[PDB]
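Chemist: I am sharing run-v7.cif, which consists of mmCIF, C-alpha atoms and all ligand atoms:
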data_start
#
loop_
_atom_site.group_PDB
_atom_site.id
_atom_site.type_symbol
_atom_site.label_atom_id
_atom_site.label_comp_id
_atom_site.auth_asym_id
_atom_site.auth_seq_id
_atom_site.Cartn_x
_atom_site.Cartn_y
_atom_site.Cartn_z
ATOM 1 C CA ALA T 1 121.531 63.421 40.625
ATOM 2 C CA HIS T 2 118.643 63.953 43.145
ATOM 3 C CA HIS T 3 118.019 62.322 46.606
ATOM 4 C CA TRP T 4 119.601 58.923 46.024
ATOM 5 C CA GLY T 5 122.168 57.734 48.545
ATOM 6 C CA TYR T 6 123.180 54.778 50.678
ATOM 7 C CA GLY T 7 120.446 54.726 53.396
ATOM 8 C CA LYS T 8 117.589 52.289 54.048
ATOM 9 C CA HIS T 9 115.267 54.627 52.261
ATOM 10 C CA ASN T 10 117.375 55.827 49.321
ATOM 11 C CA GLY T 11 120.048 53.172 48.822
ATOM 12 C CA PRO T 12 120.941 50.898 45.884
ATOM 13 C CA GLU T 13 117.690 48.866 45.988
ATOM 14 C CA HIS T 14 115.714 52.089 45.412
ATOM 15 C CA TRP T 15 117.772 53.612 42.563
ATOM 16 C CA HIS T 16 115.839 51.867 39.772
ATOM 17 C CA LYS T 17 112.767 54.062 40.452
ATOM 18 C CA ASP T 18 114.594 57.183 39.260
ATOM 19 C CA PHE T 19 117.210 55.445 37.104
ATOM 20 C CA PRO T 20 115.578 52.448 35.362
ATOM 21 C CA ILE T 21 118.928 51.501 33.726
ATOM 22 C CA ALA T 22 119.728 50.145 37.238
ATOM 23 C CA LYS T 23 118.183 46.897 35.973
ATOM 24 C CA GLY T 24 120.046 47.019 32.647
ATOM 25 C CA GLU T 25 122.168 44.583 30.722
ATOM 26 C CA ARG T 26 125.634 45.872 31.636
ATOM 27 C CA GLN T 27 125.477 47.088 35.226
ATOM 28 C CA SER T 28 128.395 47.350 37.639
ATOM 29 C CA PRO T 29 129.864 46.259 39.950
ATOM 30 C CA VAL T 30 129.947 42.464 39.524
ATOM 31 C CA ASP T 31 131.418 39.471 41.270
ATOM 32 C CA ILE T 32 134.590 38.325 39.550
ATOM 33 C CA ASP T 33 134.486 34.518 39.446
ATOM 34 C CA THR T 34 138.206 33.864 39.065
ATOM 35 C CA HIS T 35 137.719 30.348 37.747
ATOM 36 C CA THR T 36 135.379 31.407 34.934
ATOM 37 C CA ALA T 37 137.249 34.539 33.859
ATOM 38 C CA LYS T 38 139.166 33.543 30.764
ATOM 39 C CA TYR T 39 142.773 34.394 30.125
ATOM 40 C CA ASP T 40 142.862 36.414 26.914
ATOM 41 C CA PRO T 41 146.366 36.390 25.393
ATOM 42 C CA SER T 42 145.190 39.124 22.961
ATOM 43 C CA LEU T 43 144.918 41.648 25.829
ATOM 44 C CA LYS T 44 147.810 44.133 25.909
ATOM 45 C CA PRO T 45 149.664 45.269 29.013
ATOM 46 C CA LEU T 46 148.029 48.233 30.630
ATOM 47 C CA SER T 47 149.758 51.600 30.036
ATOM 48 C CA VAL T 48 149.333 53.929 33.027
ATOM 49 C CA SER T 49 151.089 57.256 32.341
ATOM 50 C CA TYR T 50 150.644 59.492 35.361
ATOM 51 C CA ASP T 51 154.080 61.267 35.416
ATOM 52 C CA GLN T 52 152.523 64.599 34.392
ATOM 53 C CA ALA T 53 149.307 64.314 36.417
ATOM 54 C CA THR T 54 148.042 67.656 37.818
ATOM 55 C CA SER T 55 145.729 67.294 40.809
ATOM 56 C CA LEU T 56 143.686 70.369 41.653
ATOM 57 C CA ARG T 57 141.162 69.881 44.405
ATOM 58 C CA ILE T 58 139.457 67.468 46.746
ATOM 59 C CA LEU T 59 135.666 67.598 47.161
ATOM 60 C CA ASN T 60 133.183 65.920 49.543
ATOM 61 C CA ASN T 61 130.217 65.489 47.188
ATOM 62 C CA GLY T 62 127.884 63.908 49.744
ATOM 63 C CA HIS T 63 128.548 60.340 48.488
ATOM 64 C CA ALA T 64 132.358 60.052 48.548
ATOM 65 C CA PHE T 65 135.318 62.388 48.160
ATOM 66 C CA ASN T 66 136.784 63.095 44.741
ATOM 67 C CA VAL T 67 140.355 64.117 43.992
ATOM 68 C CA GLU T 68 140.029 66.092 40.757
ATOM 69 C CA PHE T 69 142.635 66.513 38.028
ATOM 70 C CA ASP T 70 143.247 69.031 35.287
ATOM 71 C CA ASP T 71 142.066 67.140 32.194
ATOM 72 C CA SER T 72 142.476 70.115 29.746
ATOM 73 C CA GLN T 73 145.625 68.520 28.215
ATOM 74 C CA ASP T 74 146.928 64.986 27.619
ATOM 75 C CA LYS T 75 148.532 64.528 30.948
ATOM 76 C CA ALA T 76 147.683 61.467 32.999
ATOM 77 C CA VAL T 77 146.381 58.920 30.539
ATOM 78 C CA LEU T 78 145.395 55.303 30.466
ATOM 79 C CA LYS T 79 145.968 53.328 27.253
ATOM 80 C CA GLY T 80 146.523 49.748 26.173
ATOM 81 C CA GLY T 81 145.005 46.822 27.975
ATOM 82 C CA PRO T 82 141.555 46.272 26.469
ATOM 83 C CA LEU T 83 141.312 49.885 25.319
ATOM 84 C CA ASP T 84 141.398 51.460 21.892
ATOM 85 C CA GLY T 85 142.696 54.994 22.002
ATOM 86 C CA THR T 86 143.565 57.326 24.866
ATOM 87 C CA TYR T 87 141.668 57.943 28.087
ATOM 88 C CA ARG T 88 142.375 60.977 30.267
ATOM 89 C CA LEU T 89 142.294 60.935 34.071
ATOM 90 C CA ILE T 90 139.625 63.265 35.486
ATOM 91 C CA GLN T 91 139.194 62.178 39.111
ATOM 92 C CA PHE T 92 139.583 59.410 41.623
ATOM 93 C CA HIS T 93 137.472 58.433 44.612
ATOM 94 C CA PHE T 94 136.896 55.461 46.914
ATOM 95 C CA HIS T 95 134.053 53.319 48.199
ATOM 96 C CA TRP T 96 134.386 51.839 51.685
ATOM 97 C CA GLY T 97 132.653 50.103 54.552
ATOM 98 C CA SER T 98 131.610 50.628 58.150
ATOM 99 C CA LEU T 99 133.835 47.624 59.031
ATOM 100 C CA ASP T 100 136.904 46.106 57.431
ATOM 101 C CA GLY T 101 134.876 43.108 56.150
ATOM 102 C CA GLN T 102 132.961 45.129 53.567
ATOM 103 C CA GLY T 103 133.343 48.203 51.398
ATOM 104 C CA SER T 104 134.420 47.110 47.924
ATOM 105 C CA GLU T 105 132.000 47.232 45.012
ATOM 106 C CA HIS T 106 133.557 44.468 42.930
ATOM 107 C CA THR T 107 134.062 41.178 44.741
ATOM 108 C CA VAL T 108 136.444 38.330 43.947
ATOM 109 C CA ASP T 109 134.933 34.876 44.383
ATOM 110 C CA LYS T 110 132.457 36.685 46.688
ATOM 111 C CA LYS T 111 135.270 38.201 48.795
ATOM 112 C CA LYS T 112 134.611 41.789 49.837
ATOM 113 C CA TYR T 113 137.587 44.064 50.398
ATOM 114 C CA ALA T 114 137.653 46.910 52.922
ATOM 115 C CA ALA T 115 137.478 49.548 50.158
ATOM 116 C CA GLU T 116 137.907 50.105 46.435
ATOM 117 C CA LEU T 117 139.677 52.946 44.563
ATOM 118 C CA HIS T 118 138.289 54.140 41.243
ATOM 119 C CA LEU T 119 140.519 56.127 38.898
ATOM 120 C CA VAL T 120 138.141 57.560 36.311
ATOM 121 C CA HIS T 121 139.237 58.303 32.737
ATOM 122 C CA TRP T 122 137.371 59.532 29.639
ATOM 123 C CA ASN T 123 137.947 58.682 25.989
ATOM 124 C CA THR T 124 139.555 61.669 24.286
ATOM 125 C CA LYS T 125 137.776 60.876 20.983
ATOM 126 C CA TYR T 126 134.578 62.331 22.568
ATOM 127 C CA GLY T 127 136.105 65.680 23.517
ATOM 128 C CA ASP T 128 134.882 65.961 27.114
ATOM 129 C CA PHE T 129 133.549 63.884 29.985
ATOM 130 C CA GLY T 130 129.911 64.837 29.546
ATOM 131 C CA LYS T 131 129.890 63.595 25.958
ATOM 132 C CA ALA T 132 131.939 60.523 26.801
ATOM 133 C CA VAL T 133 129.411 59.202 29.340
ATOM 134 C CA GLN T 134 126.837 59.013 26.528
ATOM 135 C CA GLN T 135 128.965 56.425 24.675
ATOM 136 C CA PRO T 136 129.433 52.689 25.265
ATOM 137 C CA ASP T 137 133.231 53.122 25.170
ATOM 138 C CA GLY T 138 133.258 56.548 26.837
ATOM 139 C CA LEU T 139 135.014 55.804 30.117
ATOM 140 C CA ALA T 140 137.693 53.530 31.498
ATOM 141 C CA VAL T 141 137.684 53.063 35.261
ATOM 142 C CA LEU T 142 140.702 51.491 36.900
ATOM 143 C CA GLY T 143 139.598 49.732 40.075
ATOM 144 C CA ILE T 144 141.987 48.824 42.875
ATOM 145 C CA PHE T 145 141.065 46.898 46.012
ATOM 146 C CA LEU T 146 142.163 48.008 49.475
ATOM 147 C CA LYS T 147 142.904 45.575 52.304
ATOM 148 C CA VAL T 148 143.769 46.584 55.877
ATOM 149 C CA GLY T 149 147.353 45.837 56.916
ATOM 150 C CA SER T 150 150.438 47.997 56.456
ATOM 151 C CA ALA T 151 149.968 51.720 55.803
ATOM 152 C CA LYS T 152 150.044 53.039 52.230
ATOM 153 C CA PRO T 153 152.454 55.969 52.420
ATOM 154 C CA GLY T 154 151.135 57.539 49.222
ATOM 155 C CA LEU T 155 147.605 57.681 50.682
ATOM 156 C CA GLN T 156 148.502 59.706 53.768
ATOM 157 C CA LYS T 157 148.270 63.133 52.106
ATOM 158 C CA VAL T 158 144.679 62.281 51.195
ATOM 159 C CA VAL T 159 143.900 61.027 54.720
ATOM 160 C CA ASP T 160 145.238 64.169 56.333
ATOM 161 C CA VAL T 161 143.160 66.630 54.258
ATOM 162 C CA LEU T 162 139.833 64.879 55.082
ATOM 163 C CA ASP T 163 139.364 66.932 58.279
ATOM 164 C CA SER T 164 138.985 69.998 56.051
ATOM 165 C CA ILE T 165 136.203 68.450 53.905
ATOM 166 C CA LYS T 166 134.156 66.688 56.588
ATOM 167 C CA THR T 167 130.745 67.581 55.182
ATOM 168 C CA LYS T 168 128.951 67.605 51.828
ATOM 169 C CA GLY T 169 129.891 70.495 49.577
ATOM 170 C CA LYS T 170 133.234 71.274 51.200
ATOM 171 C CA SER T 171 136.326 71.354 49.018
ATOM 172 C CA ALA T 172 140.016 72.087 49.549
ATOM 173 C CA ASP T 173 142.999 72.809 47.345
ATOM 174 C CA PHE T 174 144.835 69.545 46.608
ATOM 175 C CA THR T 175 147.668 70.211 44.225
ATOM 176 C CA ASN T 176 150.779 68.160 43.526
ATOM 177 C CA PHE T 177 149.330 64.814 44.553
ATOM 178 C CA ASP T 178 150.897 61.882 42.688
ATOM 179 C CA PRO T 179 148.358 59.101 42.082
ATOM 180 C CA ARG T 180 151.181 56.659 41.269
ATOM 181 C CA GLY T 181 151.539 56.263 45.022
ATOM 182 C CA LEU T 182 148.148 54.472 45.101
ATOM 183 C CA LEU T 183 149.055 51.668 42.640
ATOM 184 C CA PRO T 184 150.028 48.084 43.545
ATOM 185 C CA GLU T 185 153.194 46.484 42.153
ATOM 186 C CA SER T 186 151.469 44.378 39.504
ATOM 187 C CA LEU T 187 149.185 45.642 36.720
ATOM 188 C CA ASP T 188 147.566 42.224 36.124
ATOM 189 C CA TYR T 189 143.842 42.833 35.641
ATOM 190 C CA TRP T 190 140.355 41.591 34.857
ATOM 191 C CA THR T 191 138.203 43.512 32.377
ATOM 192 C CA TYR T 192 134.547 43.610 31.377
ATOM 193 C CA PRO T 193 132.005 46.101 29.952
ATOM 194 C CA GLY T 194 129.891 47.813 32.604
ATOM 195 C CA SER T 195 128.465 50.991 34.039
ATOM 196 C CA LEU T 196 128.867 53.804 36.486
ATOM 197 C CA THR T 197 128.189 52.349 39.940
ATOM 198 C CA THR T 198 126.231 55.414 41.125
ATOM 199 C CA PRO T 199 123.330 57.228 39.491
ATOM 200 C CA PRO T 200 122.982 57.944 36.633
ATOM 201 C CA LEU T 201 124.319 54.332 36.228
ATOM 202 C CA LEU T 202 125.213 54.966 32.574
ATOM 203 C CA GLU T 203 126.453 51.962 30.624
ATOM 204 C CA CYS T 204 129.593 53.699 29.369
ATOM 205 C CA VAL T 205 132.481 52.039 31.241
ATOM 206 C CA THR T 206 135.235 49.641 30.314
ATOM 207 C CA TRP T 207 136.148 48.272 33.749
ATOM 208 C CA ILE T 208 139.756 47.347 34.462
ATOM 209 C CA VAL T 209 140.063 45.782 37.935
ATOM 210 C CA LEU T 210 143.570 45.067 39.238
ATOM 211 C CA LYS T 211 144.166 41.663 40.804
ATOM 212 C CA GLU T 212 146.658 42.869 43.428
ATOM 213 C CA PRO T 213 145.126 44.889 46.261
ATOM 214 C CA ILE T 214 146.954 47.712 47.965
ATOM 215 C CA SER T 215 147.417 47.609 51.732
ATOM 216 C CA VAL T 216 146.278 50.551 53.864
ATOM 217 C CA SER T 217 146.374 50.806 57.632
ATOM 218 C CA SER T 218 143.421 50.505 59.959
ATOM 219 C CA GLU T 219 144.053 54.129 60.983
ATOM 220 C CA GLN T 220 143.914 55.305 57.361
ATOM 221 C CA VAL T 221 140.540 53.696 56.644
ATOM 222 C CA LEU T 222 139.207 54.806 60.071
ATOM 223 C CA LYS T 223 139.728 58.378 58.891
ATOM 224 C CA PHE T 224 137.650 57.733 55.754
ATOM 225 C CA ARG T 225 134.861 56.659 58.116
ATOM 226 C CA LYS T 226 134.893 60.011 59.963
ATOM 227 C CA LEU T 227 133.614 61.827 56.887
ATOM 228 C CA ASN T 228 129.966 62.849 56.725
ATOM 229 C CA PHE T 229 127.291 62.334 54.060
ATOM 230 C CA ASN T 230 125.394 65.345 55.439
ATOM 231 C CA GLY T 231 126.137 69.024 55.034
ATOM 232 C CA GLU T 232 127.403 71.321 57.771
ATOM 233 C CA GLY T 233 124.794 71.995 60.452
ATOM 234 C CA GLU T 234 122.762 68.896 59.512
ATOM 235 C CA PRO T 235 122.305 65.691 61.506
ATOM 236 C CA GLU T 236 125.572 63.776 61.417
ATOM 237 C CA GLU T 237 125.502 60.682 59.218
ATOM 238 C CA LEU T 238 128.849 59.011 58.921
ATOM 239 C CA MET T 239 130.031 58.416 55.334
ATOM 240 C CA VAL T 240 130.313 54.626 55.453
ATOM 241 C CA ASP T 241 128.982 51.791 53.282
ATOM 242 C CA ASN T 242 128.937 53.932 50.155
ATOM 243 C CA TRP T 243 129.185 50.871 47.887
ATOM 244 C CA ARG T 244 126.756 49.290 45.474
ATOM 245 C CA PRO T 245 126.493 45.471 45.743
ATOM 246 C CA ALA T 246 127.348 43.131 42.876
ATOM 247 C CA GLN T 247 124.871 43.135 40.007
ATOM 248 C CA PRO T 248 123.883 40.347 37.603
ATOM 249 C CA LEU T 249 126.565 39.515 35.067
ATOM 250 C CA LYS T 250 123.983 38.718 32.366
ATOM 251 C CA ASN T 251 125.423 38.265 28.879
ATOM 252 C CA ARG T 252 128.999 39.262 29.743
ATOM 253 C CA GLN T 253 132.433 37.736 29.867
ATOM 254 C CA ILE T 254 135.133 38.777 32.279
ATOM 255 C CA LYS T 255 138.610 38.487 30.715
ATOM 256 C CA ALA T 256 141.923 38.086 32.551
ATOM 257 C CA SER T 257 145.188 39.637 31.385
ATOM 258 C CA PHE T 258 147.182 36.925 33.179
ATOM 259 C CA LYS T 259 147.381 33.097 33.356
HETATM 260 N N1 LIG L 301 131.858 54.715 40.829
HETATM 261 S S1 LIG L 301 132.260 54.979 39.274
HETATM 262 O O1 LIG L 301 131.545 53.992 38.396
HETATM 263 O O2 LIG L 301 133.728 54.965 39.080
HETATM 264 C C1 LIG L 301 131.680 56.551 38.810
HETATM 265 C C2 LIG L 301 132.544 57.387 38.104
HETATM 266 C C3 LIG L 301 132.162 58.636 37.664
HETATM 267 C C4 LIG L 301 130.869 59.119 37.900
HETATM 268 N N2 LIG L 301 130.608 60.395 37.454
HETATM 269 S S2 LIG L 301 129.139 61.132 37.708
HETATM 270 O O3 LIG L 301 127.944 60.187 37.416
HETATM 271 O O4 LIG L 301 129.017 61.597 39.173
HETATM 272 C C5 LIG L 301 129.007 62.337 36.512
HETATM 273 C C6 LIG L 301 128.319 62.028 35.340
HETATM 274 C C7 LIG L 301 128.247 62.999 34.362
HETATM 275 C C8 LIG L 301 128.864 64.221 34.570
HETATM 276 BR BR1 LIG L 301 128.755 65.448 33.247
HETATM 277 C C9 LIG L 301 129.555 64.529 35.731
HETATM 278 C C10 LIG L 301 129.631 63.557 36.710
HETATM 279 C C11 LIG L 301 129.964 58.267 38.619
HETATM 280 C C12 LIG L 301 130.367 56.991 39.050
HETATM 281 ZN ZN ZN L 302 133.331 54.555 42.110
#
What does the file become when written as structure tokens?
Ligand SMILES: NS(=O)(=O)c1ccc(NS(=O)(=O)c2ccc(Br)cc2)cc1
Ligand SMILES: [Zn+2]

Modeler:
Amino acid sequence: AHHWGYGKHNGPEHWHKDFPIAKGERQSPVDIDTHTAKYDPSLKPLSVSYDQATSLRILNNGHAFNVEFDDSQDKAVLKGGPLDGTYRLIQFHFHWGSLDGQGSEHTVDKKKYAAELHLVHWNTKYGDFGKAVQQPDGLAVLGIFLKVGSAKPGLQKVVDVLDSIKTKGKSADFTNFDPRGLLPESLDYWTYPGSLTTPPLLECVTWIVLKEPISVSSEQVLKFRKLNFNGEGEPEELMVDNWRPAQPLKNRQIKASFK
């Protein structure tokens, strides 16, 4: 929260001046070295229960767009995997590039994907999101890579509403959206302890990154790139390259759910 962003003058290399935890011990994203991630047979299958999810609204917040969910009841929850307890879906958003060769935050053996989807969940034992982010096990973020190829039919409703939220601070009703249509076939994953990838960079996230990317079309991601970072009536700055690069792994282990 302030004047941070993704420009030359306010981008990721500057964030540490207002948010010193930027240089902390469990920062995200990271590069996932697939040959050093260890298979952990003690990890449980992931439980994604989105049947009763209630989307409400879509918001251009000046950094990305968020699809927000009603999190006032146990609808839409993530459980299992590396997690203890129940985590409730609050929002999802994406990070993406100016070109198809960059845009993801996590990388896989240094490969950058065109974009990355983050489904954000908070641990119900802390009562609400604001309290959860103050805890080392407060959030679980499910990360899904996007590659450019075939269209993702379940993404199109999101793509088509973006015209109505071009600029920072615009929102639109966005009810009855089913986030199951954004998942890949397999729920095989890597997991590690990390942080929010934007300020305030709080070290409160269990990351769960799916191995299988989803495919989206070139036309779908091109529409992401028509969004604006700026507000209405301000100089147009295309919302592109809203990703933080990989951060040092430090004293962490990345675990794989699969052999
Ligand atoms: N990219 S990411 O790691 O999935 C991510 C997720 C949620 C946030 N939420 S937030 O920092 O914008 C935020 C923090 C506290 C409160 Br209260 C509300 C929003 C930031 C980054
Ligand atoms: Zn994110």

Chemist: From the set T:80, T:101, T:12, T:45, which residue has the shortest atom-to-atom contact distance to residue 201 in chain T, counting all atoms listed in the file?

Modeler: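 With all atoms listed in the file as the atom set, the closest residue is T:12.
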
Chemist: So that I can see what lies close to residue 190 in chain T, please list as an MDAnalysis selection string the residues with an atom at most 9 Å from it, counting only C-alpha atoms and leaving out residues fewer than 3 positions away in the same chain.

Modeler: chainID T and resid 32 37 39 207:211 254:258

Chemist: Env of residue 237 in chain T: 12 Å cut, atoms = only C-alpha atoms, seq-sep filter 6 positions within chain, self excluded. Answer as a VMD selection string.

Modeler: chain T and resid 5 to 7 62 to 63 98 166 to 168 225 to 231

Chemist: Quick one, how far is CA of residue 28 in chain T from CA of residue 179 in chain T?

Modeler: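 Rounded to one decimal, the two atoms are 23.6 Å apart.
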
Chemist: So which residues are near ligand LIG 301 (chain L), meaning at most 10 Å away with all atoms listed in the file counted, given back as a ChimeraX atom specification?

Modeler: /T:1,27-29,61,63-64,66,90-95,105,116-122,128-134,139-143,194-207,242-244

Chemist: Mind telling me what the PyMOL selection byres (((chain T and resi 222) around 10) and not hetatm) catches here, as a list in words?

Modeler: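 On this input, the PyMOL selection byres (((chain T and resi 222) around 10) and not hetatm) captures residues 97, 98, 99, 100, 159, 217, 218, 219, 220, 221, 223, 224, 225, 226 and 227 of chain T.
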
Chemist: Using only C-alpha atoms and all ligand atoms, which of T:154, T:136, T:81, T:245 sits nearest ligand ZN 302 (chain L)?

Modeler: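 Answer, going by the shortest atom-to-atom distance: T:245.
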
Chemist: For the structure provided, state which residues fall under the PyMOL selection byres (((chain T and resi 56) around 9) and not hetatm), and present them as a list in words.

Modeler: residues 54, 55, 57, 58, 67, 68, 69, 70, 172, 173, 174, 175, 176 and 177 of chain T

Chemist: Give the answer as one residue: which of T:189, T:147, T:60, T:162 has the shortest atom-to-atom distance to residue 259 in chain T, using all atoms listed in the file?

Modeler: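 That would be T:189, the residue with the smallest distance to residue 259 in chain T.
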
Chemist: Could you state the separation of CA of residue 184 in chain T and CA of residue 144 in chain T in Å, given to one decimal place?

Modeler: 8.1 Å

Chemist: Between CA of residue 114 in chain T and CA of residue 169 in chain T, what distance in Å does the model show, to one decimal?

Modeler: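 CA of residue 169 in chain T lies 25.1 Å from CA of residue 114 in chain T.
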